[PDB]
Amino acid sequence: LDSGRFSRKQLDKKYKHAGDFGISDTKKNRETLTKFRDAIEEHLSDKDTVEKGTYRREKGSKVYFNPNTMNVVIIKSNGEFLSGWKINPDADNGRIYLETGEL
């Protein structure tokens, strides 16, 4: 798991978000974290996914948004995967991110 912009540790603590990336497996093990790791890369790779805004909290983090899944993945200034989840356009936080890029 921990190879590239990913680490097993970070993936583990963020698996709680995997359900937003099409992975409903309620179990958290090496094999599921893997599907999580994969669903993230596939997200970043999608042609429809583009950089949009940042997670102010994390200094120079860049966030990649996919208008289809409405998901966002946060990458730290150093390219390390930070976190990610699905944007809710009906919620003020979601719309604010959409209008201003501030996550």
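All residue numbers are counted from 1 along the displayed sequence.
Enquirer: Comparing 21-29 with 80-88, which stretch shows the greater average C-alpha B-factor in the deposited entry?
Expert: 21-29 has the higher mean C-alpha B-factor.
Enquirer: Averaging only over Cα atoms, indicate whether 1-9 or 92-100 has the higher B-factor in the PDB entry.
Expert: Higher mean C-alpha B-factor in the PDB entry: 1-9.
Enquirer: Quick one: classify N68 as lowest, middle or highest third of the chain based on its Cα B-factor.
Expert: Ranked within chain, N68 CA B lands in the highest tercile.
Enquirer: Using the temperature factors of the C-alpha atoms in this entry, rank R37 within its chain: lowest, middle or highest third.
Expert: According to the entry, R37 has a C-alpha B-factor in the chain's middle third.
Enquirer: Of the three thirds of its chain by CA temperature factor, lowest, middle or highest, which one includes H43?
Expert: CA B-factor rank for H43: middle third.
Enquirer: How does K62 rank on Cα B-factor within its chain, lowest, middle or highest third?
Expert: Middle third of the chain for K62's C-alpha B-factor.
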